[PDB]
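Undergrad: Residue numbers (the authors' numbering), protein chains in the order written: chain X, 7 to 54; chain R, 75 to 196, 248 to 356.
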Amino acid sequence: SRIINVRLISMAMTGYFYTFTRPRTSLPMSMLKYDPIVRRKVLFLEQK
Amino acid sequence: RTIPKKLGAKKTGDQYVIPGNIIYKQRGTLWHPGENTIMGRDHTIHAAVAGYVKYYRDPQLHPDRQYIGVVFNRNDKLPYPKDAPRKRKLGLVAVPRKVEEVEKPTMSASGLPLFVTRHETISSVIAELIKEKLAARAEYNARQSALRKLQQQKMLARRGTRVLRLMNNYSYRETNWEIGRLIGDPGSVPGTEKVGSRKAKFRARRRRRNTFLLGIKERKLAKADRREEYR
RNA sequence: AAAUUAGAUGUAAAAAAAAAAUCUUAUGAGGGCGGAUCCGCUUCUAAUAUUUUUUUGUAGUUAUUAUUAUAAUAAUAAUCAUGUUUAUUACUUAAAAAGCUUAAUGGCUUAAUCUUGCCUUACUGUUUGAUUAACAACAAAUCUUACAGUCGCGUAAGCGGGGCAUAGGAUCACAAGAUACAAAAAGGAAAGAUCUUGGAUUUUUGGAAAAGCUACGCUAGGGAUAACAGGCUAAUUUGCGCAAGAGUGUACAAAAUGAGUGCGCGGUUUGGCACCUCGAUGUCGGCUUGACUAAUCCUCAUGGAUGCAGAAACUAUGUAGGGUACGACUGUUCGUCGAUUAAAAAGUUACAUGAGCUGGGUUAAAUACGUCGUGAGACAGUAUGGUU
RNA sequence: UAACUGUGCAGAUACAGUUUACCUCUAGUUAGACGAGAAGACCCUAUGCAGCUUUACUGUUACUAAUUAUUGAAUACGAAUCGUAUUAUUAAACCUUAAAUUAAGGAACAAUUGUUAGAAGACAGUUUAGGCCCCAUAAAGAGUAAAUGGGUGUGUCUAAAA
RNA sequence: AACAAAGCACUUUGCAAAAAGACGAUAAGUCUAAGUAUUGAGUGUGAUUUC
RNA sequence: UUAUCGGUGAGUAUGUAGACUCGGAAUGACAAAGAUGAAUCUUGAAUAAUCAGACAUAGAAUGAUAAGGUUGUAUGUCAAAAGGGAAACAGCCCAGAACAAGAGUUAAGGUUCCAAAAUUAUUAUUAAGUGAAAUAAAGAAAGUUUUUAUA
RNA sequence: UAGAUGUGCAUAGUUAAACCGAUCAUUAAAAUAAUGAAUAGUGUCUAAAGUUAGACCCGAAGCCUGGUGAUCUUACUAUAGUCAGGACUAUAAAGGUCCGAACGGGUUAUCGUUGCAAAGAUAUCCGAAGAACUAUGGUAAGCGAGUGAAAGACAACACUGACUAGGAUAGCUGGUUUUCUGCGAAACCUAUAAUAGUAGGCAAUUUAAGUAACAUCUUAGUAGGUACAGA
RNA sequence: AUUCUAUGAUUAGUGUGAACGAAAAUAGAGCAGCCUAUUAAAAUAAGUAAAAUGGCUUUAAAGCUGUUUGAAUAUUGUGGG
Ligand SMILES: [K+]
Ligand SMILES: [K+]
Ligand SMILES: [K+]
Ligand SMILES: [K+]
Ligand SMILES: [K+]
Ligand SMILES: [K+]
Ligand SMILES: [K+]
Ligand SMILES: [K+]
Ligand SMILES: [K+]
Ligand SMILES: [Mg+2]
Ligand SMILES: [Mg+2]
Ligand SMILES: [Mg+2]
Ligand SMILES: [Mg+2]
Ligand SMILES: [Mg+2]
Ligand SMILES: [Mg+2]
Ligand SMILES: [Mg+2]
Ligand SMILES: [Mg+2]
Ligand SMILES: [Mg+2]
Ligand SMILES: [Mg+2]
Ligand SMILES: [Mg+2]
Ligand SMILES: [Mg+2]
Ligand SMILES: [Mg+2]
Ligand SMILES: [Mg+2]
Ligand SMILES: [Mg+2]
Ligand SMILES: [Mg+2]
Ligand SMILES: [Mg+2]
Ligand SMILES: [Mg+2]
Ligand SMILES: [Mg+2]
Ligand SMILES: [Mg+2]
Ligand SMILES: [Mg+2]
Ligand SMILES: [Mg+2]
Ligand SMILES: [Mg+2]
Ligand SMILES: [Mg+2]
Ligand SMILES: [Mg+2]
Ligand SMILES: [Mg+2]
Ligand SMILES: [Mg+2]
Ligand SMILES: [Mg+2]
Ligand SMILES: [Mg+2]
Ligand SMILES: [Mg+2]
Ligand SMILES: [Mg+2]
Ligand SMILES: [Mg+2]
Ligand SMILES: [Mg+2]
Ligand SMILES: [Mg+2]
Ligand SMILES: [Mg+2]
Ligand SMILES: [Mg+2]
Ligand SMILES: [Mg+2]
Ligand SMILES: [Mg+2]
Ligand SMILES: [Mg+2]
Ligand SMILES: [Mg+2]
Ligand SMILES: [Mg+2]
Ligand SMILES: [Mg+2]
Ligand SMILES: [Mg+2]
Ligand SMILES: [Mg+2]
Ligand SMILES: [Mg+2]
Ligand SMILES: [Mg+2]
Ligand SMILES: [Mg+2]
């Protein structure tokens, strides 16, 4: 209940995602990850 | 009753090992990695090369450490003198090189284009020196604008190009990897690179400061002409 | 007593050269000799280490002192310093402790700690060798390698597939993305398949949605000892002995008495164990009939006793031949009392003895009461009755 | 087909040692043959059963309530259609008495069918069998048991910046 | 000593088409009863005396 | 002011040890080469039983430094192993039974008789049948022998 | 005469699967970049086996369905019978009255216990005009429970739910039959609602291919901290 | 056309599981077609097909069914699968 599992959706609209955990009483996650569909580092943002 | 952890030595001295073989499982570094050895996340020591395990002490490296190594010759003794040439093995096999040659075909077995490419369309002597300074700066400023305009033409053509390639089921679509290389070549993430230069920013800051100060000069001088008429 | 701060080891920093010896190494002399590089022998040079080895030199600079004619010579003291003295740089400073997500253990101080800068490799696919072939199988696990893709940090070398290490479970179903495999006449679709991911005291954590009673119990078995006896043990005992002697005995250790203890025998009480299924929960009582033991109540012989005058009684040594009765009350032996008696002592023998008797017992179903339970029931309860 | 002591799956006619005993019956007697019989008696086990109890699990009913249909009118009211309220009905729904009718009463209820919800151990079936981590024990490789000894052990924390 | 018992107490039953109660794979229907609240059924108590 | 109470510093002072080990065996373990050896090992194909063990010796845990108790470890036997010895004997001491013969050769163990083989040699002790194939203790005492001192 | 017909397995691998194919799969494009997989089948007989059937053999208590029984016994029902004599009481006859035969019970003790008897004998005791006892018929019993002055009582050897026929299992127990020959265990680990079971290992056997096999010793080396010793 | 036997098939499929389990087709036994049925029957089928709901069967289709409802009229493409 204290920790939630979020989904970091790629901003290349390729449908790839990364799942990381973070506390509810925190800000949304945002990272620069490697999208294997386009094979390039793009911006991944939390789903909601 | 717990599951046994089975820590300790997995290879005794002079025992043959190949790369990756565990030699010693430990909680902390009871034995530090030495010659031709690797330490893992949990401090497990593995051979990096084929050879024979050797337990020794290196007083030159650390006064109170004990190491595990791997020697290519079972008769060798560690620690090797610091002044002796490194003993290393090639570890390669000779094979004939390839005869690859650019033979890209144009049509498939069915007679259909392998790739279809589509493009888009849409102060006496100082003044002389200062002039040489201004001209050089103005010349580069013209060259920079004469080349930045060129880059905006290659990017427009590249980002506008569409290479449709034959896939399964006789379909024609753009590959996803090529779509990734449209913005730029791999090696850096476009957008992280700083578009501007710090030196250029300083130059702009001064020019803005000059016109501001010089602006007061013109306004103050202008006010003096209005005052003269009043008087 | 308990608040903050400052402290808390020592040394070095002009500079050595040279001779041989002992190994060890060398991708040194492509050494020599046997079989350039491999292997076994090997001389020479070089380097490290070692010797306490063989020594030689130990100045210059500043100043002091002494002699010599401001200089020269000798000795003595100081000497890291061309550098913002808050100097700096290198080595050294036991162990424990602090810190490193959390207990404990190990490790780290030359970083795995701390501080700062930029980052998000806490990456995608496949893959190597191991855990003396993970857990003495399988699976879920742990560490590790390489290639391709493309990102970070760094002058560079390079490092990065989360955390110093050791404490977070699958399938099925269901849900969200991708894949373009198959599509039950055909075109689509539904429902399936592959890859990624999520929600689990799936906590009996290799993964059932799950309360009791039966003394009216049934069947198949075991007798992992359960109701008994035998067997082993001897903690304990209502079983004893010996050694020692604080103390009591008006005196005086051992006439008598004997704290807390030590060394023992023995198998009666309450226990432990479980080789063993069998006549039991008061394991035992009474009756009949014994046999044996001796740690002796009576009868017989006898030593000690300032505490044996006599009598009685006490303590101890021999000795088990014959005796140790009768009744009342207590469910029973436990016991208690009455009146006699020379005395009305004990134990072992499967309660000695129920194919010898009894049923006081050893177990029921009936009934009432009491206590416990929501209830069926239970009780080492109480009372009456109950094919030996 | 003896006694004793010893031994032994632990209480011996049968084993060991020693001792004792001529062969064979009759009548008595019941100490032993762990005497015979009764699977009679006790405890434990089975993912065997039976009965019973209940705030065990999962169900069926008694029973209560609502509703389409059989089931139509009149009026009133709310939203010609619906729904609500009341009234009446050989004026042939249906029901009761009655061979069973232009008779009498009840009455759009009741009753029955289907569906839905609640609901009694009243009844049936079935069930009732704790992981991980560190240290020592552990006998100088690893491993190693015991309702063994220790641990205020653990069922996590963490996106790095203001 | 248990069951029954006479006595006593309580609950229920108005009989207009089925009084309640019992029975009927489940009904028509039967007992109740050719009975009617002083009747029938169920429940506990257990004459009387004192309550 | 104390050879009083506690505390601190020093000690190359004395003891204590499952979680003290600076020192440190033997044993056992791993692997290399050579040698020896009775194929004892691995793999392929096919395919079992077993999953309360018991006792002995050493060393522990547990109990009470009790148990033919319970539970690890090391080694063996029995289990599934007859024969000889331990009087009789699953587990101990020897030794692994294919069948015969032999005053054959030996193990453990024995040699007066039962009962195969010594009443065989040497030196001492014991006088209690102690003892002789299952050690009852502390202790006592002009028992007796020897040794060391001693009048 | 001629032609066709009648299961099957193998001949190609690969992936989840197709496409593809001596090549295929993952690599979100492909490409020796990496990793895995490639070559005699088929039929028959003899023997041993896995699977499904009763399944090596013998043995439960129970559960369900269809039938049978109320000549025993319980209650009720119809039709009938029986109860010497005496005493008391208000009656000639009005009483769950009294003593006591027949009859009906079964209180206590003894015997009997392979009995005369699978409930008897002897004595003793209780009721004996009543809620009595007896006779011949009838009704009601087995998913639900008939009857029950109530004892889990009775319902014909059986009743905490009868008898009979049909349909079982049993990780539990017992048994499993001729000879010779070769080899020869284990009672341990892991998992399991498991501990009396089972599975996978370890591992016994068969007989082929291998061996720088395995065991032991010697020599040199290595890991690890016990006995001991110490403070 | 139906019926009987084997194969298809420890298959497709269903089901958490344990298990359950088709059809096409092939072969054999038989063979037969019709309404003018070789024994006397239709003016071509309406509360029916079907839908909702409760069950059965089953793979979700087809099929059987209580309750409440309720179609169309031939290849000149009406109706079922
Ligand atoms: K006898
Ligand atoms: K007799
Ligand atoms: K009940
Ligand atoms: K060891
Ligand atoms: K009488
Ligand atoms: K009975
Ligand atoms: K053999
Ligand atoms: K299938
Ligand atoms: K259907
Ligand atoms: Mg293994
Ligand atoms: Mg289709
Ligand atoms: Mg279709
Ligand atoms: Mg489990
Ligand atoms: Mg596990
Ligand atoms: Mg036993
Ligand atoms: Mg005195
Ligand atoms: Mg005496
Ligand atoms: Mg005297
Ligand atoms: Mg006297
Ligand atoms: Mg005499
Ligand atoms: Mg007695
Ligand atoms: Mg007897
Ligand atoms: Mg009772
Ligand atoms: Mg009571
Ligand atoms: Mg009586
Ligand atoms: Mg005996
Ligand atoms: Mg004999
Ligand atoms: Mg039950
Ligand atoms: Mg009317
Ligand atoms: Mg029940
Ligand atoms: Mg160890
Ligand atoms: Mg009264
Ligand atoms: Mg009625
Ligand atoms: Mg009463
Ligand atoms: Mg009373
Ligand atoms: Mg034992
Ligand atoms: Mg056995
Ligand atoms: Mg033997
Ligand atoms: Mg002898
Ligand atoms: Mg001879
Ligand atoms: Mg002789
Ligand atoms: Mg003697
Ligand atoms: Mg194929
Ligand atoms: Mg009769
Ligand atoms: Mg009378
Ligand atoms: Mg009378
Ligand atoms: Mg009677
Ligand atoms: Mg008799
Ligand atoms: Mg063994
Ligand atoms: Mg079993
Ligand atoms: Mg050490
Ligand atoms: Mg068929
Ligand atoms: Mg038609
Ligand atoms: Mg239909
Ligand atoms: Mg359809
Ligand atoms: Mg249809």
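For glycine and all other residues, C-beta sits at the position ideal for the given N, C-alpha and C.
For X:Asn11, which three-state DSSP category applies?
TA: Strand.
Undergrad: With distances taken between CB atoms, is the gap from residue 198 of chain R to R:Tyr130 smaller than 8 Å?
TA: Because residue 198 of chain R lies between 196 and 248, and chain R jumps straight from the first to the second, it has no atoms in this structure.
Undergrad: What did DSSP end up calling R:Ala252 once you bin it into helix, strand or coil?
TA: Here R:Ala252 sits in helix by DSSP.
Undergrad: Quick one: grab the DSSP three-state call for X:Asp41.
TA: Reduced to three states, the DSSP call for X:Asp41 is strand.
Undergrad: For R:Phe327, name the three-state secondary structure that DSSP assigns.
TA: DSSP places R:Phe327 in helix when its eight states are reduced to three.
Undergrad: Note the first and the last residue of the continuous beta strand (DSSP E) segment covering R:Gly125.
TA: That run of the beta strand (DSSP E) goes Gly125 to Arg131.
Undergrad: With which residues is R:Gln140 paired in a DSSP beta bridge?
TA: Paired residue(s): R:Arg131.
Undergrad: Write down every uninterrupted run of the alpha helix (DSSP H) in the region 305 to 356 of chain R whose length is 4 residues or greater and which is fully enclosed by it, in chain order.
TA: Runs of the alpha helix (DSSP H) inside the region 305 to 356 of chain R: 323 to 355.
Undergrad: Which residues, in order along the region 295 to 320 of chain R, keep a beta-carbon less than 7 Å from a beta-carbon of chain X?
TA: Here the close residues are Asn301, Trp302, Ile304, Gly305, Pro311 and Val314.
Undergrad: Could you check what DSSP says for residue 20 of chain R in three-state terms: helix, strand or coil?
TA: Since the displayed chain R opens at 75 and closes at 356, residue 20 of chain R lies outside it and no answer follows.
Undergrad: Sorted by chain position, which residues of the same chain lie with C-beta nearer than 8 Å to R:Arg287's C-beta, five sequence neighbours on each side aside?
TA: Result list for R:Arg287: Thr191, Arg192, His193, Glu194 and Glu299, in chain order.
Undergrad: With 7 Å as the C-beta to C-beta threshold (strictly closer), list the residues of the region 26 to 43 of chain X near chain R in chain order.
TA: Residues passing the 7 Å Cβ filter: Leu38 and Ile43.
Undergrad: Are three or more beta carbon pairs between the region 92 to 101 of chain R and the region 109 to 127 of chain R nearer than 8 Å?
TA: Yes, the region 92 to 101 of chain R is in contact with the region 109 to 127 of chain R.
Undergrad: Measure the Cβ-Cβ separation of X:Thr25 and X:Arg13 and say whether it is below 8 Å.
TA: Contact: yes.
Undergrad: Measuring CB to CB, does R:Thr111 end up less than 8 Å from R:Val145?
TA: Not closer than 8 Å, so no.
Undergrad: Give the straight-line distance between the Cα atoms of X:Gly21 and R:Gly305, rounded to the nearest whole angstrom.
TA: Approximately 14 Å, taken between the alpha carbons.
Undergrad: Does DSSP put R:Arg162 in a helix, in a strand, or in coil?
TA: In the structure shown, R:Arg162 sits in coil (DSSP, three-state: anything other than H, G, I, E or B).
Undergrad: Apart from the five residues on each side of it in sequence, which residues of its chain come closer than 7 Å, Cβ to Cβ, to R:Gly87?
TA: Here the set comprises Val127, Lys128 and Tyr129.
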